[PDB]
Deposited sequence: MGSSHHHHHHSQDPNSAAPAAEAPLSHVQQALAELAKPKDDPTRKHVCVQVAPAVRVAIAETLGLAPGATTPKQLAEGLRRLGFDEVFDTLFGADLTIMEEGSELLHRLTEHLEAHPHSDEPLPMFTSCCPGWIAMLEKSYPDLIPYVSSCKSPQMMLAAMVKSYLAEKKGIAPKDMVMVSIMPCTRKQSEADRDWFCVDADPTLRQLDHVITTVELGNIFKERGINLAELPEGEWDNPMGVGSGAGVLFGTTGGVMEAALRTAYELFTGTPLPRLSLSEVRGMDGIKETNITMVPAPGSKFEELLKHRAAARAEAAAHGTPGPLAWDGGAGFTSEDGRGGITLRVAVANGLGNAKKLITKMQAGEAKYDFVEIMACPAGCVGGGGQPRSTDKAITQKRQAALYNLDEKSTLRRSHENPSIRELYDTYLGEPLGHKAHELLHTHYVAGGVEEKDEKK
C-alpha cells in the first residue's frame, strides 16, 4: 500500500468506528498556491480556507498550516546561528548550512560527509510541527500518540524520505506518518468530485489545541532563512532587518548572495566580544569584519543561496578552494525552490513558478513583516513546554543529526 492509500484507509473509517484513529494534516504554502492548477486554474485561484475546507471534507480531524512548524524552525535556527556566531566571536563551526531540503541532506550525507558538522541541526518545518503534535498536543488532548496519524501535503517528492528517517519516532510510532504531494492531493479531490474553487471558506486548526485560526500571525517572514537571519541580526544589533534582496553571483549559475553589515547594540555582550578579543574542509576565515576610527567594530554576514544540486556542488568546490567566502548558506535541490518542486503540477508556462511565488501571499500580508518570536502560540509553547530554544527539550524534539554515507 502506498502512503496515499494508507492515509485514505485511515480516513475511510467512520469517526465513530472503535478502531478509528485521530487523523490530522499539515499543508505547505507551496501546495496551497499550486493546488488550483490541478483544476486547470491559475496559481492562487483557490484560497487557503477553501483548501482547509476541502481537507476537512476528506475526513481530517485537524487541519494545520505548516507555517506554524516554520515559526518553530525560525526560532531554533535563528538561535543556532546566533549561538555559532557568539562562540566564534569569543574564540558547531561556521559557515553554517541550512537543513530543510532533504535533497541537500541526501547529497550531504553521501557525497560530502565531511561537511556534516557545518550543517544546522534543525529539523524541517514539517518535522518540527509533527514532533510537536505527537508530543505537546497529544498530552494536552489526552490522546496516546499510537492513536494519531499525521499526514503532510508537500510540493516535494523527497519529503517522505525525510519523514522516514529512523529516529523521527515518538517516545513503530512515527512523528510524521504519510506525505502526499500537491498533484496526488489534487487527484484525490477530482476523484471524489470535490471542486476546491466551489467550496465555502473553511478554517484552520491551531496546533496548540486552543483558540481559533492557524496559530500563526498576519503577515510574512520572508521564509525560514531570511527570518533566521533576522532573529540573529535584530538581537545582535538592536535594529530591524528589512526584507532581503539577493543578487546573482557572477560566474556561478543558481547562486545568489547578500552581505549584511552588523554593528553590535551599544552596551551589549556582542559589543564587548568584538572589542575584548580582536585576535576543517571549510576553515572560517575569522569572518569579514570592519571598524571605524573611534573603534565601533562590526561584522559583515556573508550569505549565499544555491538552487539546485549541480549548482551547489560548484559552490562547495569554490568554498573549499577559498574562492567563495560565505558564513551562512542555503541549499535547495530544486532550481525554482519549493514552488517548483517535483510533486507540483506540470505546466506549459515557462514562468509558472514566478506566478506561484507571486501568489504565495496577498499584497496585504506581503506588506506586513511577521516575527516568529512574537507569536503568542510560540511563546506559550516555549514558556510552558519546550523551555529555551536549543535547550534539552527543544533539542530532543526539534533537532536531529546526520549519518555519513547516508541512510
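No C-alpha positions are given for the deposited-sequence stretches 1-24, 116-120, 201-203, 312-322, 451-457.
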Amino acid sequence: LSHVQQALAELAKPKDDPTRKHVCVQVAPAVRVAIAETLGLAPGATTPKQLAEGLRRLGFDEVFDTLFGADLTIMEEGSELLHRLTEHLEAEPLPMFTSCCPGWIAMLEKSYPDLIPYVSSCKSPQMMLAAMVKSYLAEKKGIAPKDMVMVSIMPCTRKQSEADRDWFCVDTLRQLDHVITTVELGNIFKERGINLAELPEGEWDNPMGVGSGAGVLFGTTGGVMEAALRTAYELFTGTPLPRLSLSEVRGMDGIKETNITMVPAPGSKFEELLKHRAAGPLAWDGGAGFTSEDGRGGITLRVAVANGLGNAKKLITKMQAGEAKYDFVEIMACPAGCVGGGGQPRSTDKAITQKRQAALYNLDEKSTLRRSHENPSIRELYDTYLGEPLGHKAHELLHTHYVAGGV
From here on, numbers count along this sequence of modelled residues.
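Higher average CA B factor: 324-332, of the stretches 324-332 and 184-192. Stretches 291-299 and 233-241 differ in mean CA B factor, with 291-299 having the higher one.
Within the selection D71, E77, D171, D177, the deposited Cα B-factor values reach their highest point at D171. In the PDB entry, the Cα temperature factor peaks, among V133, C100, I143, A227, at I143.
The PDB entry assigns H399 a C-alpha temperature factor belonging to the lowest third of its chain's modelled residues.
In the PDB entry, a CA B factor belonging to the middle third of its chain's modelled residues is recorded for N206.
Placement of the Cα temperature factor of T66 within the chain: lowest third of the modelled residues, per the deposited record.
Split the chain's modelled residues into thirds by C-alpha temperature factor. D164 is in the lowest one. When all modelled residues of the chain are sorted by CA temperature factor, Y382 is found within the middle third.
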